[PDB]
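Chemist: Got target28.csv for you, CSV, N, CA, C and O atoms:
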chain,number,residue,atom,x,y,z
R,20,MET,N,-61.1,-186.0,-96.7
R,20,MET,CA,-61.0,-184.5,-96.8
R,20,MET,C,-59.8,-184.0,-96.0
R,20,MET,O,-59.0,-184.8,-95.6
R,21,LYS,N,-59.6,-182.7,-95.8
R,21,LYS,CA,-58.5,-182.2,-95.1
R,21,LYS,C,-58.7,-181.8,-93.6
R,21,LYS,O,-59.8,-181.4,-93.3
R,22,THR,N,-57.7,-181.8,-92.9
R,22,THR,CA,-57.6,-181.5,-91.5
R,22,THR,C,-56.5,-180.5,-91.2
R,22,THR,O,-56.4,-180.0,-90.1
R,23,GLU,N,-55.7,-180.2,-92.2
R,23,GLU,CA,-54.6,-179.2,-92.2
R,23,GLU,C,-54.7,-178.2,-93.3
R,23,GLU,O,-55.0,-178.7,-94.4
R,24,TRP,N,-54.5,-177.0,-93.2
R,24,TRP,CA,-54.6,-176.0,-94.3
R,24,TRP,C,-53.4,-175.2,-94.7
R,24,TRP,O,-53.4,-174.0,-94.8
R,25,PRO,N,-52.3,-175.8,-95.0
R,25,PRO,CA,-51.0,-175.1,-95.4
R,25,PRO,C,-51.3,-174.2,-96.6
R,25,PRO,O,-50.5,-173.3,-96.9
R,26,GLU,N,-52.3,-174.4,-97.3
R,26,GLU,CA,-52.7,-173.6,-98.5
R,26,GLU,C,-53.2,-172.2,-98.1
R,26,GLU,O,-53.1,-171.3,-98.9
R,27,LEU,N,-53.7,-172.1,-97.0
R,27,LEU,CA,-54.3,-170.8,-96.4
R,27,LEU,C,-53.2,-169.9,-95.9
R,27,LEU,O,-53.4,-168.7,-96.0
R,28,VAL,N,-52.1,-170.4,-95.5
R,28,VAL,CA,-51.1,-169.5,-94.9
R,28,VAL,C,-50.9,-168.3,-96.0
R,28,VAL,O,-50.7,-168.6,-97.1
R,29,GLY,N,-50.9,-167.1,-95.5
R,29,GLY,CA,-50.7,-165.9,-96.4
R,29,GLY,C,-52.1,-165.4,-96.9
R,29,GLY,O,-52.1,-164.5,-97.7
R,30,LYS,N,-53.2,-166.1,-96.6
R,30,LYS,CA,-54.5,-165.7,-97.1
R,30,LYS,C,-55.4,-165.1,-96.0
R,30,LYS,O,-55.0,-165.0,-94.9
R,31,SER,N,-56.7,-164.8,-96.2
R,31,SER,CA,-57.6,-164.2,-95.2
R,31,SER,C,-58.2,-165.3,-94.3
R,31,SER,O,-58.4,-166.4,-94.7
R,32,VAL,N,-58.4,-164.9,-93.0
R,32,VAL,CA,-58.9,-166.0,-92.1
R,32,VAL,C,-60.4,-166.3,-92.5
R,32,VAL,O,-60.7,-167.5,-92.5
R,33,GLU,N,-61.2,-165.4,-92.8
R,33,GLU,CA,-62.6,-165.7,-93.2
R,33,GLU,C,-62.5,-166.7,-94.4
R,33,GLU,O,-63.3,-167.6,-94.5
R,34,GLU,N,-61.7,-166.4,-95.4
R,34,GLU,CA,-61.6,-167.3,-96.5
R,34,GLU,C,-61.1,-168.7,-96.0
R,34,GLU,O,-61.7,-169.7,-96.2
R,35,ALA,N,-60.1,-168.7,-95.2
R,35,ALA,CA,-59.6,-169.9,-94.6
R,35,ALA,C,-60.8,-170.7,-94.0
R,35,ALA,O,-60.9,-171.9,-94.2
R,36,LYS,N,-61.6,-170.0,-93.2
R,36,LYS,CA,-62.8,-170.6,-92.6
R,36,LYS,C,-63.5,-171.2,-93.8
R,36,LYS,O,-63.8,-172.4,-93.8
R,37,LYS,N,-63.9,-170.5,-94.8
R,37,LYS,CA,-64.6,-171.1,-96.0
R,37,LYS,C,-63.9,-172.4,-96.5
R,37,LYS,O,-64.6,-173.4,-96.6
R,38,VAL,N,-62.6,-172.4,-96.6
R,38,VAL,CA,-61.9,-173.6,-97.1
R,38,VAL,C,-62.1,-174.7,-96.0
R,38,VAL,O,-62.5,-175.8,-96.3
R,39,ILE,N,-61.7,-174.4,-94.8
R,39,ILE,CA,-61.9,-175.3,-93.7
R,39,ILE,C,-63.3,-175.9,-93.8
R,39,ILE,O,-63.4,-177.1,-93.6
R,40,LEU,N,-64.3,-175.1,-93.9
R,40,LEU,CA,-65.6,-175.7,-94.0
R,40,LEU,C,-65.7,-176.5,-95.2
R,40,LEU,O,-66.3,-177.6,-95.2
R,41,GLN,N,-65.2,-176.1,-96.3
R,41,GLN,CA,-65.2,-176.9,-97.6
R,41,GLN,C,-64.8,-178.3,-97.3
R,41,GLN,O,-65.4,-179.3,-97.7
R,42,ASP,N,-63.7,-178.4,-96.6
R,42,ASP,CA,-63.0,-179.7,-96.2
R,42,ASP,C,-63.8,-180.4,-95.1
R,42,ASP,O,-64.2,-181.6,-95.3
R,43,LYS,N,-64.0,-179.7,-94.1
R,43,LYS,CA,-64.7,-180.2,-92.9
R,43,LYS,C,-66.0,-179.3,-92.6
R,43,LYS,O,-66.0,-178.5,-91.7
R,44,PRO,N,-67.0,-179.5,-93.4
R,44,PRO,CA,-68.2,-178.6,-93.3
R,44,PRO,C,-68.7,-178.2,-92.0
R,44,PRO,O,-69.0,-177.0,-91.7
R,45,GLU,N,-68.8,-179.1,-91.1
R,45,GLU,CA,-69.3,-178.9,-89.7
R,45,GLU,C,-68.2,-178.3,-88.8
R,45,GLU,O,-68.5,-178.0,-87.6
R,46,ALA,N,-67.0,-178.1,-89.2
R,46,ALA,CA,-65.9,-177.6,-88.4
R,46,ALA,C,-66.2,-176.3,-87.5
R,46,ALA,O,-66.8,-175.3,-87.8
R,47,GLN,N,-65.6,-176.5,-86.3
R,47,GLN,CA,-65.7,-175.4,-85.3
R,47,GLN,C,-64.4,-174.7,-85.6
R,47,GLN,O,-63.3,-175.1,-85.2
R,48,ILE,N,-64.5,-173.6,-86.3
R,48,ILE,CA,-63.3,-172.8,-86.7
R,48,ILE,C,-63.0,-171.8,-85.6
R,48,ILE,O,-63.7,-170.8,-85.4
R,49,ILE,N,-62.0,-172.0,-84.9
R,49,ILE,CA,-61.4,-171.2,-83.7
R,49,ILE,C,-60.2,-170.4,-84.1
R,49,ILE,O,-59.6,-170.7,-85.1
R,50,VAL,N,-59.9,-169.3,-83.4
R,50,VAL,CA,-58.7,-168.5,-83.7
R,50,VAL,C,-57.7,-168.2,-82.5
R,50,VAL,O,-58.1,-167.9,-81.4
R,51,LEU,N,-56.4,-168.1,-82.8
R,51,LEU,CA,-55.2,-167.9,-81.9
R,51,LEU,C,-54.1,-167.4,-82.9
R,51,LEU,O,-54.4,-166.9,-84.0
R,52,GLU,N,-52.9,-167.4,-82.5
R,52,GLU,CA,-51.8,-167.0,-83.4
R,52,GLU,C,-51.1,-168.2,-84.0
R,52,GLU,O,-51.6,-169.3,-83.9
R,53,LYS,N,-49.9,-168.1,-84.6
R,53,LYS,CA,-49.1,-169.2,-85.2
R,53,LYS,C,-49.1,-170.6,-84.6
R,53,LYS,O,-50.0,-171.0,-83.9
R,54,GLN,N,-48.1,-171.4,-84.8
R,54,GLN,CA,-48.1,-172.8,-84.2
R,54,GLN,C,-47.6,-172.7,-82.8
R,54,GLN,O,-46.7,-173.4,-82.3
R,55,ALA,N,-48.2,-171.8,-82.0
R,55,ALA,CA,-48.0,-171.6,-80.6
R,55,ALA,C,-49.1,-172.1,-79.8
R,55,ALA,O,-50.0,-171.4,-79.4
R,56,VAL,N,-49.1,-173.4,-79.6
R,56,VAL,CA,-50.2,-174.1,-78.8
R,56,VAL,C,-49.4,-174.8,-77.7
R,56,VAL,O,-48.8,-175.9,-77.9
R,57,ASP,N,-49.5,-174.3,-76.5
R,57,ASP,CA,-48.9,-174.8,-75.3
R,57,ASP,C,-50.0,-175.2,-74.2
R,57,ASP,O,-50.2,-176.3,-73.8
R,58,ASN,N,-50.5,-174.1,-73.8
R,58,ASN,CA,-51.6,-174.0,-72.8
R,58,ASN,C,-52.9,-174.5,-73.3
R,58,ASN,O,-54.0,-173.9,-73.3
R,59,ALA,N,-52.9,-175.8,-73.6
R,59,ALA,CA,-54.2,-176.5,-74.1
R,59,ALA,C,-54.9,-177.4,-73.2
R,59,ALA,O,-54.5,-177.7,-72.1
R,60,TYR,N,-56.1,-177.8,-73.6
R,60,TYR,CA,-57.1,-178.6,-73.0
R,60,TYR,C,-56.9,-180.1,-73.5
R,60,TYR,O,-56.1,-180.4,-74.3
R,61,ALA,N,-57.8,-181.0,-73.0
R,61,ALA,CA,-57.8,-182.5,-73.4
R,61,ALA,C,-57.5,-182.9,-74.9
R,61,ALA,O,-57.1,-182.1,-75.8
R,62,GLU,N,-57.7,-184.2,-75.1
R,62,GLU,CA,-57.4,-184.9,-76.4
R,62,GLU,C,-57.9,-184.1,-77.7
R,62,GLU,O,-58.8,-183.2,-77.6
R,63,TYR,N,-57.4,-184.5,-78.8
R,63,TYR,CA,-57.7,-184.0,-80.2
R,63,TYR,C,-59.2,-183.6,-80.5
R,63,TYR,O,-60.1,-184.0,-79.9
R,64,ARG,N,-59.3,-182.7,-81.6
R,64,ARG,CA,-60.7,-182.2,-82.0
R,64,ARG,C,-61.0,-182.4,-83.5
R,64,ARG,O,-61.0,-181.4,-84.3
R,65,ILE,N,-61.3,-183.6,-84.0
R,65,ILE,CA,-61.7,-183.8,-85.4
R,65,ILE,C,-63.0,-183.1,-85.9
R,65,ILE,O,-63.5,-183.2,-87.0
R,66,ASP,N,-63.4,-182.3,-85.0
R,66,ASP,CA,-64.6,-181.4,-85.0
R,66,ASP,C,-64.3,-179.9,-85.2
R,66,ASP,O,-64.8,-179.2,-86.0
R,67,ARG,N,-63.3,-179.5,-84.5
R,67,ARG,CA,-62.7,-178.1,-84.5
R,67,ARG,C,-61.4,-178.0,-85.3
R,67,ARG,O,-60.7,-179.0,-85.6
R,68,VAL,N,-61.1,-176.7,-85.6
R,68,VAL,CA,-59.9,-176.3,-86.4
R,68,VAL,C,-59.5,-175.0,-85.7
R,68,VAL,O,-60.4,-174.2,-85.5
R,69,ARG,N,-58.3,-174.9,-85.3
R,69,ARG,CA,-58.0,-173.6,-84.6
R,69,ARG,C,-57.3,-172.8,-85.8
R,69,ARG,O,-56.7,-173.4,-86.7
R,70,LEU,N,-57.4,-171.5,-85.7
R,70,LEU,CA,-56.7,-170.8,-86.8
R,70,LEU,C,-55.6,-169.9,-86.2
R,70,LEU,O,-55.8,-169.1,-85.3
R,71,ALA,N,-54.5,-170.1,-86.8
R,71,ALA,CA,-53.3,-169.3,-86.4
R,71,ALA,C,-53.2,-168.1,-87.4
R,71,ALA,O,-52.6,-168.2,-88.4
R,72,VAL,N,-53.8,-167.0,-87.0
R,72,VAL,CA,-53.7,-165.7,-87.8
R,72,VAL,C,-52.8,-164.6,-87.3
R,72,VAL,O,-52.3,-164.6,-86.2
R,73,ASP,N,-52.6,-163.7,-88.2
R,73,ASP,CA,-51.8,-162.5,-87.9
R,73,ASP,C,-52.6,-161.2,-87.5
R,73,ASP,O,-53.8,-161.3,-87.5
R,74,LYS,N,-51.9,-160.2,-87.3
R,74,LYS,CA,-52.6,-158.9,-87.0
R,74,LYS,C,-53.5,-158.4,-88.1
R,74,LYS,O,-54.2,-157.4,-87.9
R,75,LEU,N,-53.5,-159.1,-89.2
R,75,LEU,CA,-54.3,-158.6,-90.3
R,75,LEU,C,-55.3,-159.8,-90.6
R,75,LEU,O,-55.5,-160.2,-91.8
R,76,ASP,N,-55.8,-160.4,-89.6
R,76,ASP,CA,-56.7,-161.6,-89.7
R,76,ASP,C,-56.5,-162.5,-90.9
R,76,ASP,O,-57.4,-162.9,-91.6
R,77,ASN,N,-55.2,-162.7,-91.2
R,77,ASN,CA,-54.8,-163.6,-92.4
R,77,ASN,C,-54.3,-164.8,-91.7
R,77,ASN,O,-54.0,-164.7,-90.5
R,78,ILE,N,-54.1,-165.8,-92.4
R,78,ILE,CA,-53.5,-167.1,-91.9
R,78,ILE,C,-52.0,-166.9,-91.8
R,78,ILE,O,-51.3,-167.0,-92.8
R,79,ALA,N,-51.6,-166.8,-90.6
R,79,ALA,CA,-50.1,-166.6,-90.4
R,79,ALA,C,-49.5,-168.0,-90.6
R,79,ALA,O,-48.5,-168.1,-91.1
R,80,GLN,N,-50.2,-169.0,-90.1
R,80,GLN,CA,-49.6,-170.4,-90.2
R,80,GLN,C,-50.6,-171.5,-90.6
R,80,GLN,O,-51.7,-171.2,-90.9
R,81,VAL,N,-50.1,-172.7,-90.6
R,81,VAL,CA,-51.0,-173.9,-91.0
R,81,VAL,C,-52.1,-174.0,-89.9
R,81,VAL,O,-51.7,-174.4,-88.8
R,82,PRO,N,-53.3,-173.7,-90.2
R,82,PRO,CA,-54.4,-173.9,-89.1
R,82,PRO,C,-54.7,-175.4,-89.2
R,82,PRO,O,-54.6,-176.0,-90.3
R,83,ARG,N,-54.9,-176.1,-88.1
R,83,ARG,CA,-55.2,-177.5,-88.1
R,83,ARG,C,-56.5,-177.9,-87.3
R,83,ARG,O,-56.8,-177.2,-86.4
R,84,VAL,N,-57.1,-179.0,-87.7
R,84,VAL,CA,-58.4,-179.4,-87.0
R,84,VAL,C,-58.1,-179.4,-85.5
R,84,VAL,O,-58.5,-178.5,-84.8
R,85,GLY,N,-57.5,-180.4,-85.1
R,85,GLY,CA,-57.1,-180.6,-83.7
R,85,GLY,C,-55.6,-180.5,-83.5
R,85,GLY,O,-54.9,-180.3,-84.5
Starting from the file, lay out its structure as structure tokens.

Modeler:
Amino acid sequence: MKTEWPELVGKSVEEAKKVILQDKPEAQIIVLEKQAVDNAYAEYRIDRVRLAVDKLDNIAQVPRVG
């Protein structure tokens, strides 16, 4: 299944979540902005997907599992 969603970029976050669940049904779909991940916590999350959205809760960038 998928762990990256380049297809969602330019789409709605809730739909993105639907897709992400389609791919990874059990996914912990989280939200932040673009590919701006600096200030993070421990090792990868094949459980979670963070969502990089814009001011219009759309997918600004490729949201990824971990």

Chemist: Excluding range 59-71 of chain R and its own-chain neighbours fewer than 5 positions away, which residues fall within 7 Å of it when counting all atoms listed in the file? Please give them as an mmCIF file with N, CA, C and O atoms, in the frame of the given file.

Modeler:
data_model
loop_
_atom_site.group_PDB
_atom_site.id
_atom_site.type_symbol
_atom_site.label_atom_id
_atom_site.label_comp_id
_atom_site.auth_asym_id
_atom_site.auth_seq_id
_atom_site.Cartn_x
_atom_site.Cartn_y
_atom_site.Cartn_z
ATOM 1 N N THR R 22 -57.700 -181.800 -92.900
ATOM 2 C CA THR R 22 -57.600 -181.500 -91.500
ATOM 3 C C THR R 22 -56.500 -180.500 -91.200
ATOM 4 O O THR R 22 -56.400 -180.000 -90.100
ATOM 5 N N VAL R 28 -52.100 -170.400 -95.500
ATOM 6 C CA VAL R 28 -51.100 -169.500 -94.900
ATOM 7 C C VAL R 28 -50.900 -168.300 -96.000
ATOM 8 O O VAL R 28 -50.700 -168.600 -97.100
ATOM 9 N N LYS R 43 -64.000 -179.700 -94.100
ATOM 10 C CA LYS R 43 -64.700 -180.200 -92.900
ATOM 11 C C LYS R 43 -66.000 -179.300 -92.600
ATOM 12 O O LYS R 43 -66.000 -178.500 -91.700
ATOM 13 N N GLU R 45 -68.800 -179.100 -91.100
ATOM 14 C CA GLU R 45 -69.300 -178.900 -89.700
ATOM 15 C C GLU R 45 -68.200 -178.300 -88.800
ATOM 16 O O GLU R 45 -68.500 -178.000 -87.600
ATOM 17 N N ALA R 46 -67.000 -178.100 -89.200
ATOM 18 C CA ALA R 46 -65.900 -177.600 -88.400
ATOM 19 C C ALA R 46 -66.200 -176.300 -87.500
ATOM 20 O O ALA R 46 -66.800 -175.300 -87.800
ATOM 21 N N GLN R 47 -65.600 -176.500 -86.300
ATOM 22 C CA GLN R 47 -65.700 -175.400 -85.300
ATOM 23 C C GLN R 47 -64.400 -174.700 -85.600
ATOM 24 O O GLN R 47 -63.300 -175.100 -85.200
ATOM 25 N N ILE R 48 -64.500 -173.600 -86.300
ATOM 26 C CA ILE R 48 -63.300 -172.800 -86.700
ATOM 27 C C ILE R 48 -63.000 -171.800 -85.600
ATOM 28 O O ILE R 48 -63.700 -170.800 -85.400
ATOM 29 N N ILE R 49 -62.000 -172.000 -84.900
ATOM 30 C CA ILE R 49 -61.400 -171.200 -83.700
ATOM 31 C C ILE R 49 -60.200 -170.400 -84.100
ATOM 32 O O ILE R 49 -59.600 -170.700 -85.100
ATOM 33 N N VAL R 50 -59.900 -169.300 -83.400
ATOM 34 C CA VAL R 50 -58.700 -168.500 -83.700
ATOM 35 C C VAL R 50 -57.700 -168.200 -82.500
ATOM 36 O O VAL R 50 -58.100 -167.900 -81.400
ATOM 37 N N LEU R 51 -56.400 -168.100 -82.800
ATOM 38 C CA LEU R 51 -55.200 -167.900 -81.900
ATOM 39 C C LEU R 51 -54.100 -167.400 -82.900
ATOM 40 O O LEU R 51 -54.400 -166.900 -84.000
ATOM 41 N N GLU R 52 -52.900 -167.400 -82.500
ATOM 42 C CA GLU R 52 -51.800 -167.000 -83.400
ATOM 43 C C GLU R 52 -51.100 -168.200 -84.000
ATOM 44 O O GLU R 52 -51.600 -169.300 -83.900
ATOM 45 N N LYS R 53 -49.900 -168.100 -84.600
ATOM 46 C CA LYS R 53 -49.100 -169.200 -85.200
ATOM 47 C C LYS R 53 -49.100 -170.600 -84.600
ATOM 48 O O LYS R 53 -50.000 -171.000 -83.900
ATOM 49 N N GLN R 54 -48.100 -171.400 -84.800
ATOM 50 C CA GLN R 54 -48.100 -172.800 -84.200
ATOM 51 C C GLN R 54 -47.600 -172.700 -82.800
ATOM 52 O O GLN R 54 -46.700 -173.400 -82.300
ATOM 53 N N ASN R 77 -55.200 -162.700 -91.200
ATOM 54 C CA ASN R 77 -54.800 -163.600 -92.400
ATOM 55 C C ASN R 77 -54.300 -164.800 -91.700
ATOM 56 O O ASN R 77 -54.000 -164.700 -90.500
ATOM 57 N N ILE R 78 -54.100 -165.800 -92.400
ATOM 58 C CA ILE R 78 -53.500 -167.100 -91.900
ATOM 59 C C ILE R 78 -52.000 -166.900 -91.800
ATOM 60 O O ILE R 78 -51.300 -167.000 -92.800
ATOM 61 N N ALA R 79 -51.600 -166.800 -90.600
ATOM 62 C CA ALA R 79 -50.100 -166.600 -90.400
ATOM 63 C C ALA R 79 -49.500 -168.000 -90.600
ATOM 64 O O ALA R 79 -48.500 -168.100 -91.100
ATOM 65 N N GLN R 80 -50.200 -169.000 -90.100
ATOM 66 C CA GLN R 80 -49.600 -170.400 -90.200
ATOM 67 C C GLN R 80 -50.600 -171.500 -90.600
ATOM 68 O O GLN R 80 -51.700 -171.200 -90.900
ATOM 69 N N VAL R 81 -50.100 -172.700 -90.600
ATOM 70 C CA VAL R 81 -51.000 -173.900 -91.000
ATOM 71 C C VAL R 81 -52.100 -174.000 -89.900
ATOM 72 O O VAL R 81 -51.700 -174.400 -88.800
ATOM 73 N N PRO R 82 -53.300 -173.700 -90.200
ATOM 74 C CA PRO R 82 -54.400 -173.900 -89.100
ATOM 75 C C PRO R 82 -54.700 -175.400 -89.200
ATOM 76 O O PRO R 82 -54.600 -176.000 -90.300
ATOM 77 N N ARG R 83 -54.900 -176.100 -88.100
ATOM 78 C CA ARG R 83 -55.200 -177.500 -88.100
ATOM 79 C C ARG R 83 -56.500 -177.900 -87.300
ATOM 80 O O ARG R 83 -56.800 -177.200 -86.400
ATOM 81 N N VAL R 84 -57.100 -179.000 -87.700
ATOM 82 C CA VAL R 84 -58.400 -179.400 -87.000
ATOM 83 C C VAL R 84 -58.100 -179.400 -85.500
ATOM 84 O O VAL R 84 -58.500 -178.500 -84.800
ATOM 85 N N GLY R 85 -57.500 -180.400 -85.100
ATOM 86 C CA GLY R 85 -57.100 -180.600 -83.700
ATOM 87 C C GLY R 85 -55.600 -180.500 -83.500
ATOM 88 O O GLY R 85 -54.900 -180.300 -84.500
#

Chemist: Which value, in Å to one decimal, gives the distance between atom O of residue 32 in chain R and CA of residue 76 in chain R?

Modeler: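 A separation of 7.7 Å between them.
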
Chemist: So what do you get for CA of residue 42 in chain R versus CA of residue 26 in chain R, distance-wise?

Modeler: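 About the pair CA of residue 42 in chain R and CA of residue 26 in chain R: they are 12.2 Å apart.
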
Chemist: Among the residues of chain R, find those DSSP assigns to strand (DSSP E) from the backbone and print them as a ChimeraX atom specification.

Modeler: /R:47-51,67-71

Chemist: What is the distance, in Å and to one decimal place, between atom C of residue 72 in chain R and atom N of residue 29 in chain R?

Modeler: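 Going from atom C of residue 72 in chain R over to atom N of residue 29 in chain R, I get 8.8 Å.
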
Chemist: Write out as a CSV table (one decimal) with N, CA, C and O atoms, keeping the file's coordinate frame all residues of chain R that backbone DSSP assigns to alpha helix (DSSP H).

Modeler:
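What landed in selection.csv:
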chain,number,residue,atom,x,y,z
R,32,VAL,N,-58.4,-164.9,-93.0
R,32,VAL,CA,-58.9,-166.0,-92.1
R,32,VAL,C,-60.4,-166.3,-92.5
R,32,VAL,O,-60.7,-167.5,-92.5
R,33,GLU,N,-61.2,-165.4,-92.8
R,33,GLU,CA,-62.6,-165.7,-93.2
R,33,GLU,C,-62.5,-166.7,-94.4
R,33,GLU,O,-63.3,-167.6,-94.5
R,34,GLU,N,-61.7,-166.4,-95.4
R,34,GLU,CA,-61.6,-167.3,-96.5
R,34,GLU,C,-61.1,-168.7,-96.0
R,34,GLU,O,-61.7,-169.7,-96.2
R,35,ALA,N,-60.1,-168.7,-95.2
R,35,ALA,CA,-59.6,-169.9,-94.6
R,35,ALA,C,-60.8,-170.7,-94.0
R,35,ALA,O,-60.9,-171.9,-94.2
R,36,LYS,N,-61.6,-170.0,-93.2
R,36,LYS,CA,-62.8,-170.6,-92.6
R,36,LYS,C,-63.5,-171.2,-93.8
R,36,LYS,O,-63.8,-172.4,-93.8
R,37,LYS,N,-63.9,-170.5,-94.8
R,37,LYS,CA,-64.6,-171.1,-96.0
R,37,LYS,C,-63.9,-172.4,-96.5
R,37,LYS,O,-64.6,-173.4,-96.6
R,38,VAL,N,-62.6,-172.4,-96.6
R,38,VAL,CA,-61.9,-173.6,-97.1
R,38,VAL,C,-62.1,-174.7,-96.0
R,38,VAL,O,-62.5,-175.8,-96.3
R,39,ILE,N,-61.7,-174.4,-94.8
R,39,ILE,CA,-61.9,-175.3,-93.7
R,39,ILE,C,-63.3,-175.9,-93.8
R,39,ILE,O,-63.4,-177.1,-93.6
R,40,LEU,N,-64.3,-175.1,-93.9
R,40,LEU,CA,-65.6,-175.7,-94.0
R,40,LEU,C,-65.7,-176.5,-95.2
R,40,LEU,O,-66.3,-177.6,-95.2
R,41,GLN,N,-65.2,-176.1,-96.3
R,41,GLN,CA,-65.2,-176.9,-97.6
R,41,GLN,C,-64.8,-178.3,-97.3
R,41,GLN,O,-65.4,-179.3,-97.7
R,42,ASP,N,-63.7,-178.4,-96.6
R,42,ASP,CA,-63.0,-179.7,-96.2
R,42,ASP,C,-63.8,-180.4,-95.1
R,42,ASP,O,-64.2,-181.6,-95.3

Chemist: Can you work out which one of R:25, R:30, R:56, R:39 has the shortest atom-to-atom distance to residue 73 in chain R, counting only C-alpha atoms?

Modeler: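 Answer, going by the shortest atom-to-atom distance: R:30.
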